[PDB]
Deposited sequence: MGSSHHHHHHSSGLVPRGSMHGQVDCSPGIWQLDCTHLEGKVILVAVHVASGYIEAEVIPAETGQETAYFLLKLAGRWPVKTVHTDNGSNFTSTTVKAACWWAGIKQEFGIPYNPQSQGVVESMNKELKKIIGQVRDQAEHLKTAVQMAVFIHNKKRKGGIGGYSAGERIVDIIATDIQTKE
């Protein structure tokens, strides 16, 4: 279903990478955050929900979503309730950039543009077809 996203954090070089996957397409958005806090998750959810029609979010660590701030973001935005493949690409490009966050965005770019159509093409088509 086109409104379903998966959200998890993974750890690399002492930092935290927030990873959202549009399950139907494999399309990813990621951000490096200082550490795993409800406030960072909430803010990320608000950002994500303004870009895509986010209906439901799943996670592999349900305690991620217990904070008052996360609950508020989901309430306002109308939301109801690959780490290895992305880490692979990050490793392939890591030497080309100083900052981990730079390498993360290169890896998201490479993943979303890779033809199996690409994840970036699939999400756009899935969402348009739903309209």
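No alpha-carbon coordinates exist for the deposited sequence positions 1 to 26, 108 to 123, 159 to 163, 179 to 182, given here in order along the chain.
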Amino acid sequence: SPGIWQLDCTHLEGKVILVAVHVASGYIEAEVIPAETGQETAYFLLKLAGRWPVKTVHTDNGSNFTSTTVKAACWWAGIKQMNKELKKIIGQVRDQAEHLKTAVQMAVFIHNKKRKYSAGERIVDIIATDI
From here on, numbers count along this sequence of modelled residues.
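C-alpha atoms forming the largest set that superposes within 1.5 Å between two forms make up the rigid core.
Remark: when the other structures in 4 other deposited structures of this protein are fitted onto this one via the rigid core, 82 to 90 deviates more than the alternative among 82 to 90 and 102 to 110, judged by RMS CA distance. If you average the C-alpha B-factors over 121 to 129 and over 3 to 11, the higher value belongs to 121 to 129. Per-stretch averaging of Cα B factors for 83 to 91 and 44 to 52 places 83 to 91 on top. Highest C-alpha temperature factor among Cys74, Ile28, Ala103, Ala35 per the entry: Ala35.
Reading the B-factor column for the CA atoms of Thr69, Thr59, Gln96, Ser63 in the entry, the top value corresponds to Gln96.
Per the deposited record, the Cα B-factor of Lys114 falls in the highest third when ranked against the other modelled residues of its chain.
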